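Since the structure comes first, as structure tokens, the remarks are kept for the end.
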Amino acid sequence: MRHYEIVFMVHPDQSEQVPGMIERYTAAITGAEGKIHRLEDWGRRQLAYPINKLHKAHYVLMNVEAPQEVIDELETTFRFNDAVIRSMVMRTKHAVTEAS
Amino acid sequence: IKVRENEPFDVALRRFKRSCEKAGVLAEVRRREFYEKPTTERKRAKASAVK
Amino acid sequence: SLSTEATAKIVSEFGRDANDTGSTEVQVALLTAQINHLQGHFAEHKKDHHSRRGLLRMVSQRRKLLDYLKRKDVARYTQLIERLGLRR
Amino acid sequence: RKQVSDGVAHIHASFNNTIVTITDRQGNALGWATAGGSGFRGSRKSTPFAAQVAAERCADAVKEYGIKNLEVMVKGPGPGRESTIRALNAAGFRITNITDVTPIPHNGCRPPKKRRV
Amino acid sequence: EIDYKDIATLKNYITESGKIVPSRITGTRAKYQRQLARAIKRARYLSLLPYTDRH
RNA sequence: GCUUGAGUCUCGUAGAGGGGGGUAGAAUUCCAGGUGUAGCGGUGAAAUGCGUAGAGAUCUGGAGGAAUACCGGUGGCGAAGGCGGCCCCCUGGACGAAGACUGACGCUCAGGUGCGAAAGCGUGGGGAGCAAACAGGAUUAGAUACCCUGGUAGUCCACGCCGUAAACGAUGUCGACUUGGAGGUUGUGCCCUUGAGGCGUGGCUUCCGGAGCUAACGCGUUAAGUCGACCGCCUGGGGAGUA
């Protein structure tokens, strides 16, 4: 059970489905007795460059400690889900809890 | 890159072009992939930068 | 390399006590543990020729220590290679 | 005709020729002029003079549109380009932006060998 | 430097056309120039910063 | 027996070390479409080439492949070959701090085995750019070249082969001792930090130089100095690294 920092953009037009998804994702973490340390919803933020053109998107910062298998199925969940564009999951850098 | 029109100007005189792209970066990418001449061109460039 | 809990378990099994972590049986058993784990790693990959060089250092070093312990105490040798299942 | 009143001057200076294309903000060309199409074929079509007369000649041939404002977009290196934008504010245009839009790869394609001259 | 989400800090250490500035200019000891650049690149993936100014 | 050699354990650090998988942004080419019109491209100059069947320029959408600007640095890592976007997974080594443990377990190494750029070969993919061969245009006395326009193998992937390079610090490996200076990079301790602190202690590395050595050039605590251990190799040029 190691640490991870997940961010992911969401299509703006499915922003209302954002907290639901968050819950499901967090639920999946608690399926493996891993804990979630911070969680931020950064709002519809303007993109520095267009992607499918699609400017301003909805960001979610996560920072979860978990075993690697639920992180892996969380990655495949981010693959198939058409809502989410650009996930990024990262390193341990042991558990953080702050803002930016 | 971009410079907006000023309210009272005749010549914009943008220096944006000079600080980056024109002189070196495009004249460098006109000619061959080596790996070899750059290692020695940089070797003698850093060996020339001496007092 | 190996887990801290794994290394602690092997030191506890093969040493006179814990903190006896440099004895010849202990070093041999730690090298053995890592050799087997990396058998699992190099069955896959197979072209990780750099990591394999580290592995052959482990094999050679285990061999040196078995030769030492063979020409110091042969009873410890036979008990050791009996317990680790090496020598074939 | 069609009375666009703002455009973009895409100047494409290369080492051998400068080619000036005045368009609108949508990107549809309204009229172009090259340095090689203004007399002086050859060693003389890559000079600042040839580029400025190319730009003078491209300022003509867009009189049918009433362009007063334009952005300038500059590609490539070349003996042109600098003189080129000068000719544009010698032709009554209000020059608004001057961007340099030279394509730079982020180490993409391999460039050609050449030139053991 | 260690962090990439602070794009105020990262935006100081970048030029007007999206390019990373050399440590020959900004001081920045080499360890933090390496963390810096790697954080700039993680931020450009997330579209927090731009890769260039002609997107 | 013993610990000053060698090794194990604890905690961290830096890193383009390796292998597998994914993704991102610029750019080149191609395809489809809009605008638009007489050239574009190229060169020392030209021509071949592309272009009123609408090129080049320009904007939109798509496909695909390869490489990964800036950071980038006589910077880093690796035994060497070599390794440069970002992220994950598996994995090798190095270095540092204090302490504990084993107790000479070490050094070198003929045969042997492994790894080994590039080009090349085999099977199966892929193929955007570049480009041996090749073709055309020039240049020229000639031009089987340099230059130009195209362009196939190849370069890219998987697995196997080859087994070499100016594979080079043209400097075998390991250990010990012998004046200095300026840097770089990565650890760390101490002390008003009361800066852009001070003072030390390691690892790797760059430049200059002292004694000494050297035919000289130069090397110079990372030795080509002063020694020890083991290995490899040399014995005039050619013929010939050939039969």
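Which of D:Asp24, C:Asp48 comes first, and how do the rest follow, when ranked by fewest Cβ neighbours within 10 Å? Don't skip to the answer; put the middle values down first.
On the way: D:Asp24 17, C:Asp48 14.
Least crowded to most crowded, the residues run C:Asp48, D:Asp24.
Quote the Stokes-Einstein diffusion coefficient, in whole µm² s⁻¹, for chain D, based on the Kirkwood radius over alpha carbon pairs, a temperature of 37 °C and a viscosity of 0.692 mPa s. Provide the component values of the computation, followed by the final result.
On the way: Rh = 14.7 Å.
Stokes-Einstein gives a translational diffusion coefficient of 224 µm²/s.
Mind checking D:103-110 for the average number of partner chain beta-carbons within 10 Å of each residue's beta-carbon? Walk me through the intermediate numbers first.
Values: counts 3, 9, 1, 2, 2, 1, 2, 3.
Neighbouring Cβ atoms belonging to other protein chains average 3 per residue here.
Distance between Cα centroids, the range A:24-100 to the range D:12-31: provide it in whole Å.
45 Å
Please give the calculated 222 nm ellipticity per residue for the protein assembly as shown, where each DSSP H segment of at least 4 residues contributes -39500 (n - 2.57) and the sum is spread over every residue; nearest 500 deg cm²/dmol? Mind dumping the intermediate values first?
Values: 13 runs with 151 residues, N = 411.
After summing the helix terms and dividing by the residues of the protein assembly as shown, the value is -11500 deg cm²/dmol.
Quick one: 3J(HN,Hα) in Hz for the range A:12-20, Karplus 6.51/-1.76/1.60 with θ = phi - 60°, rounded, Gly and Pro as x.
3J(HN,Hα) across the range A:12-20, in whole Hz: x, 5, 10, 4, 5, 8, 5, x, x.
What is the order of B:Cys20, D:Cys109, D:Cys58, fewest Cβ neighbours within 10 Å to most?
Values: B:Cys20 17, D:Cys109 8, D:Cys58 25.
Sorted ascending by nearby Cβ count, the order is D:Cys109, B:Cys20, D:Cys58.
Just add up the charged neighbours of D:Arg110: K/R +1, D/E -1, any other residue whose Cβ is under 14 Å from the Cβ of D:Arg110.
Working: positive: B:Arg30, B:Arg31, B:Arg32, D:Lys113, D:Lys114; negative: B:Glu28, B:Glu33.
So the environment of D:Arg110 carries a net charge of +3.
How do B:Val25, C:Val28 line up, fewest other C-beta atoms within 10 Å first? Each step should come with its number before you reach the end.
Working: B:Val25 12, C:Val28 25.
In order of increasing Cβ crowding within 10 Å: B:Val25, C:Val28.
Mind checking which of A:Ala83, A:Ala27, A:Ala48 has the largest fluctuation in a GNM of chain A, springs on alpha carbons under 10 Å?
Maximum fluctuation in the GNM of chain A, among the listed residues, is at A:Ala48.
Where a ≥ b ≥ c are the square roots of the eigenvalues of the C-alpha gyration tensor, would you call chain B rounded, which needs a/c under 1.5, or, failing that, prolate if a/b is larger than b/c, or oblate?
oblate
Among rounded, prolate and oblate, which fits the range A:33-79 when a ≥ b ≥ c are the square roots of the eigenvalues of its C-alpha gyration tensor, a/c under 1.5 means rounded, and a/b larger than b/c means prolate?
Numbers: a/c = 4.41, a/b = 1.81, b/c = 2.44.
Taking the square roots of the gyration eigenvalues as a ≥ b ≥ c, the range A:33-79 is oblate.
Using the Cα centre of chain A as the reference point, and only Cβ charges (+1 on K/R, -1 on D/E), how large is the resulting charge dipole? Debye, rounded to the nearest 20. Display every interim value, and only then the final one.
Details: 12 positive and 14 negative charges, 86 e Å.
Using Cβ point charges on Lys, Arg, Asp and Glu, chain A gives about 420 debye.
For chain D, modelled as a GNM with alpha-carbon contacts under 10 angstrom, which of D:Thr84, D:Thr102, D:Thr23 fluctuates the most?
Result for chain D, Cα springs under 10 Å: D:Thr102 fluctuates most.
Among DSSP beta bridges whose residues both lie in the protein assembly as shown, state the antiparallel percentage, nearest 5. Can you show the working numbers first?
On the way: 31 of 43 bridges.
Counting DSSP beta bridges with both partners in the protein assembly as shown, the antiparallel share is about 70 percent.
Let's see if you can work this out: charge +1 on each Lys and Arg Cβ, -1 on each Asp and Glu Cβ, no other charges. What is the dipole magnitude of the protein assembly as shown about its Cα centre, in debye to the nearest 20? Could you put the intermediate results ahead of the total?
Details: 75 positive and 45 negative charges, 600 e Å.
For the protein assembly as shown, the charge dipole is close to 2880 debye.
Just need the relative contact order of chain C here, percent rounded to a whole number, with Cα pairs under 8 Å and 6+ apart. Intermediate values should be presented prior to the final figure.
Details: 47 pairs, mean separation 20.1, N = 88.
Answer for chain C is 23 percent.
Classify chain E from the C-alpha gyration tensor, please: rounded if a/c falls under 1.5, else prolate or oblate depending on whether a/b exceeds b/c. Could you put the intermediate results ahead of the total?
Values: a/c = 2.11, a/b = 1.35, b/c = 1.56.
Cα axes put chain E in the oblate bin.
Which residues make up the longest stretch of chain A clear of GluC sites (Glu not before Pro) that lie in a DSSP loop with no more than 13 other Cβ atoms within 10 Å, not counting the sites? Working shown, then result.
Details: sites that count: A:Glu33, A:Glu98.
Excluding the exposed sites themselves, the longest stretch runs over A:34-97.
One quarter of the convex hull surface, Cα atoms only: what value does that give for the protein assembly as shown in nm²? Don't skip to the answer; put the middle values down first.
Values: hull surface 136.1 nm².
With every direction weighted equally, the projected area is 34.0 nm².
What percent does the relative contact order of the range D:1-93 come to when contacts are Cα pairs within less than 8 Å and at least six residues apart?
Working: 210 pairs, mean separation 35.1, N = 93.
Reported relative contact order: 38 percent.
Averaging sequence separations of C-alpha pairs under 8 Å and six or more residues apart, then dividing by the length of chain E, give the relative contact order as a whole percent. Please list the in-between numbers first.
Values: 53 pairs, mean separation 25.7, N = 55.
Here the relative contact order equals 47 percent.
Under a no-solvent Debye model with one identical scatterer per Cα of chain C, what's log10 I(q)/I(0) at q = 0.13 Å⁻¹?
Log10 of I(q)/I(0), two decimals: -0.44.
Could you let me know the centre-to-centre spacing of chain E and the range C:33-88, using Cα atoms, in angstrom?
Here the answer is 47 Å between Cα centres.
Can you list the GluC sites (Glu not before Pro) in the range B:13-51 that are in a DSSP coil and have 16 or fewer other beta carbons within 10 angstrom?
On the way: sites: B:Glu21, B:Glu28, B:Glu33, B:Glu36, B:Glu41; in loops: B:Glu21, B:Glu33, B:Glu36.
Passing sites in the range B:13-51 are B:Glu33, B:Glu36.
With everything on Cα atoms, drop me the angle between helix B:37-48 and the longest principal axis of chain B, reported from 0 to 90° to the nearest 10.
With both axes taken from Cα atoms, the answer is about 80 degrees.
We place every Cβ from the backbone using ideal geometry, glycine too, and count neighbours over all the protein chains shown. All of the numbers you see were taken from the coordinates with simple rules; none came from a lab.
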